[PDB]
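# Geometric and topological summary
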Amino acid sequence: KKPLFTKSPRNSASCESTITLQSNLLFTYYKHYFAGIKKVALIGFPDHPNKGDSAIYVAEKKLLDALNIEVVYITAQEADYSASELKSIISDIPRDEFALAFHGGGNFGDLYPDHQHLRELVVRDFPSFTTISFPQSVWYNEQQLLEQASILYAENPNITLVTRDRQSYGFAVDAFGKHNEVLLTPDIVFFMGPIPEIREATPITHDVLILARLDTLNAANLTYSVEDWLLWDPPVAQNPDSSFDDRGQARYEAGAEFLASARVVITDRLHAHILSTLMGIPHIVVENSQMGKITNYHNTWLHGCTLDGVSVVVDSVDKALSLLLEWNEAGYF
Amino acid sequence: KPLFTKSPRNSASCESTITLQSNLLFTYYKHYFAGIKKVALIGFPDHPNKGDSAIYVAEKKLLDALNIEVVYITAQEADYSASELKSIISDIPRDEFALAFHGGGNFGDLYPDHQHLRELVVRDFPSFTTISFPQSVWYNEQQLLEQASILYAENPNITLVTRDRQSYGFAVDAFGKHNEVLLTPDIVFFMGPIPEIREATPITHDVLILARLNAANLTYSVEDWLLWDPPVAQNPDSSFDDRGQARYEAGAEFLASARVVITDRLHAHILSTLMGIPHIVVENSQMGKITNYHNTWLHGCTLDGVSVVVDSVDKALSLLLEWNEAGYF
Ligand SMILES: [Zn+2]
């Protein structure tokens, strides 16, 4: 009953509506495109410390569970991929009940040839199945790399590409839109819905958390942490005998608790921004890169969460601190 | 009972696609019309184009489904009255009233009057929930784009809805700094499957060529659905609703008179899809008048017996014959 953002109740209603909209669109799109599917192989599981990519995995599980679809196989990298093992797993499954699902996020571009290569390997071993991605960021600065990657999608018109932001959508359409369906949906993590439970369960350890690149102790009676949520990793994730699911769950929960430790967050990471929004943690986001790592997504989907006490975007970390103080005297956290 | 009876398996795929588009329209507009009870429709198409009138009826249908009443309609500047609209909304709470821009292809170089009416209405009535029905949007001329951009920059509350990929990309680059821009299906898909009017209309010709070999035994008509107009639409004492309804129904019956349609019009293509009439679509222009929309939304209706796109009218005839011997119509 109570607002997601306590301390900014009227503005909270607008962002809660926006969360619900994104969650419904995800369901509506994926219910349709997974019609008839009962079992799925997940391709490109993020077996590495990035908290946002693991949160993407958990939200993918949640959506698949909501559609009564079972994950019967997972591959992270080429090294752990086995065509024989996957061939045997799907031998007993009717063709129209099985799909290939590409793990979403920012794994489609110049910097991610291994992720693309795994997609190529799996689709060519198992062609003519319902094949679709979870919502991706997509961009190639280099034509040569784009031309290479385009052959897979041209030769397999059944593959449906899902993008999560307007710039990725426009790029995907121009590059692959002749042969493949291209969609624009929200980021899958919004299917988790409001998750204030974890905000309330986690004890507050600092007043502010700075999850961004850089110091200045403006002593307005506020403690702060300048930690990075990359690098460090839950011990369970470091275990080789642990399952993919265990690693992804642990990394998601760890990342969520990490943000919950503060009353306000300053961040330049998209999924620190997304998760804080879902948990009802007030936060300022810093767009300090070119490209648009934050702003491409934000301007596509989150206009309704762009409010005082909820979430705001600024062009620098110094601007974030200034606004933080206004929020403090306003009592937004 | 399939929508496309002579292509039952392929019909299922296109019916799903219709349902998807209808649900997205509802989901988006339910959200963005939250709290709204009454609406003024701006840019009503008071002219013979059948597709634009079909857009109007679908707009009515959606508004009715959200329990929203249309309390005012303006087609052109000549019939617009600020005083009349001001008095109509005087007793309505601010947050219960919205301005709704009539959708379709009325946003670009060729449509300065449509844009001008939008400018007039928003500046007389600023700070209301303001949103468009799904539009096609493109400006070839920078000078015209720059002029039209001022309205949307000065009124950040306006939400722009586009109906295709290219329009969305254009709208985003041009207006995306200040305004929300959406990509939804074309509003006419909220009508859902309408085979009733296909079944009610008697077949007059075998083929209808609605665009710019004969025997083996196929009759054909090369009519244009512009120009001619139901007599009720020509009546000045008729209401906007009557004209729009009549023009929609007339356009629908016109397509229903054939067993197959060849067309180069987007809404002949859309309506034929909804009615379950097999048809071939011809993309004979440069702009992508058909293909921008089709490739955004209708991959699932791109099947034999349902609907196919080709680059010329000659190609359409060739495929028609394959469909005839297959028995797709
Ligand atoms: Zn004028």
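Residues numbered from 1 in each chain as written, not as in the entry; some residues may be left out. Chains lettered and ligands numbered in written order. Heavy atoms only, no water. Residues with missing side-chain atoms left out of burial classes, pairs and counts.

## Focus: the sheet that holds strand β11 (residues 264–267) of chain A
Residues and elements named next belong to chain A. Taken in spatial order, the five strands of this open sheet run β10-β9-β11-β12-β13, and their pairing is parallel. Of all strands in the sheet, those with a lone pairing partner are β10 (224–225) and β13 (311–314), marking the two edges. Across four bridges, strand β12 (residues 283–286) lies against β13 in parallel orientation. Looking at the pairing, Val-286 lines up with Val-314 of β13. Lying on the sheet, helix α10 (residues 270–279) is in contact with β9 (208–211), β11, β12 and β13; it crosses β12 at an angle near 160 degrees. (Pairing = 2+ DSSP bridges. Helix = DSSP H or I, 4+ residues; strand = E, 2+ residues; numbered from the N terminus. Contact = heavy atoms within 4.5 Å. Axes fitted to C-alpha atoms, helices over the stretch in contact; angles between N-to-C directions.)

## A short note on the state of the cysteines
Two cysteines joined by a covalent bond between their sulfur atoms form a disulfide. The full count for this structure, using the stated rule, is two disulfides over all chains. At a sulfur-sulfur separation of 2.1 Å, the disulfide partner of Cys-15 of chain A is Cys-305 of chain A. One quick way to see it: the torsion about the S-S bond of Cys-15 of chain A and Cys-305 of chain A is about 90 degrees, and its sign makes the bridge right-handed. Given the relative accessible area of 0%, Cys-15 of chain A is considered buried. Here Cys-14 of chain B engages in a disulfide with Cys-301 of chain B; their sulfurs sit 2.1 Å apart. The chirality of the disulfide connecting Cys-14 of chain B with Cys-301 of chain B is right-handed, given an S-S dihedral of about 90 degrees. The pair formed by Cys-14 of chain B and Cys-301 of chain B is uniform in burial state, with each residue classed as buried. (Disulfide = S-S within 2.5 Å. Buried < 20%, exposed > 50% of the residue type's maximum accessible area, 1.4 Å probe, protein only.)

## Here's the deal with the packing of helix α9 (residues 244–260) of chain A against α10 of chain A
Residue and element names in this part refer to chain A. Close contact between α9 and α10 brings their axes to 10 Å; oriented N to C, the two are set at 70 degrees. When the axis of α9 is compared with that of α10, the two are roughly perpendicular. Along its contact with α9, which presents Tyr-252, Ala-256 and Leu-259, the element α10 presents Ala-272, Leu-275, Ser-276 and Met-279. Its residues assigned to classes, the contact of α9 with α10 comprises six nonpolar, one polar and no charged. (Parallel < 35°, antiparallel > 145°, perpendicular 65-115°, else oblique. Nonpolar A, V, L, I, M, F, W, Y, C, P; charged D, E, K, R; others polar.)

## Some thoughts on the pattern of salt bridges
Should their charged atoms come close, side chains of opposite charge can pair. Scanning the model with the defined rule gives 22 salt bridges over all chains in all. A salt bridge links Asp-207 of chain A to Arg-263 of chain A; the shortest N-O distance between them is 2.7 Å. Among the residues examined, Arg-263 of chain A registers a relative accessible area of 27% and is labelled partly exposed. The partner of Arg-265 of chain B in a salt bridge is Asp-224 of chain B, and the shortest N-O contact between them spans 2.5 Å. (Salt bridge = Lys/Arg side-chain N within 4 Å of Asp/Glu carboxyl O.)

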